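Reading through the structure tokens given below for one structure.
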Amino acid sequence: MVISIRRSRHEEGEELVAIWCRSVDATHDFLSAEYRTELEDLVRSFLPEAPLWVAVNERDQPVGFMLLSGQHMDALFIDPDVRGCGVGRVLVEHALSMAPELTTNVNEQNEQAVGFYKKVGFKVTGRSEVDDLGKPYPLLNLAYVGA
């Protein structure tokens with residue numbers, strides 16, 4: 001299966017919410033149901049309108065997405081069915097092509113993604129003791145070192 005990356009459309013936004021939801025079910029399950037619900041609502045109020053980039057398969061059908069502006073890839077999420085297919089690299093490489101000095105973040109609870117992003121080449125450059133709203137779910141900040 002072929003992959004390309006492009007800007008998202010609006011109407012496919014709900015598929016990106018769906019992708020985020022299974023990425024969370026597969027690798028961030030530590031997210032308590034209350035926080036899951038509030039994230040999913042704000043995500044559904046954001047991914048349909050955010051200036052994202054989507055990985056698409058041969059059907060021009062989204063299989064992952066990435067948010068990058070400046071040199072900061074704030075978000076990267078991909079359907080667990082095709083994560084193993086290397087789309088994780090393809091989206092990071094897209095981000096790197098626009099930003100050679102790339103940075104990103106990841107929730108600390110997803111130690112799997114911390115490991116993955118290190119394999120890809122990131123190295124931790126900061127953290128937070130909460131996620132954002134004072135919730136005790138730390139965020140980590142990383143820079144491409146990978147090298």
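Position one of the sequence shown corresponds to residue 1 (the deposited numbering), numbered consecutively onward. Just so you know, even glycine gets a beta-carbon here, dropped at the ideal spot from N, CA and C.
Check: Any 3 or more C-beta pairs closer than 8 Å across the region 36-43 and the region 53-61; Outcome: no
Check: Backbone secondary structure at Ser23 - three-state DSSP; Outcome: helix
Check: Beta-carbon proximity list for residue 149, same chain, < 6 Å, skipping 5 on both sides; Outcome: Outside the modelled stretch of the chain, which goes from 1 to 147, sits residue 149, for which no answer is possible.
Check: Supposed contact pair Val145 and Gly121 - C-beta distance, whole angstroms, cut 8 Å; Outcome: 6 Å
Check: Cβ-Cβ separation, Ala99 to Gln71 (assumed contact under 8 Å), whole Å; Outcome: 4 Å
Check: Burial state of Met1, where buried means 16 or more other Cβ atoms lie within 10 Å; Outcome: exposed
Check: Cβ-Cβ separation, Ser8 to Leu52 (assumed contact under 8 Å), whole Å; Outcome: 4 Å
Check: Test: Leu142 CB closer than 8 Å to a CB of chain B; Outcome: Absent from the structure: chain B. Only one protein chain is present.
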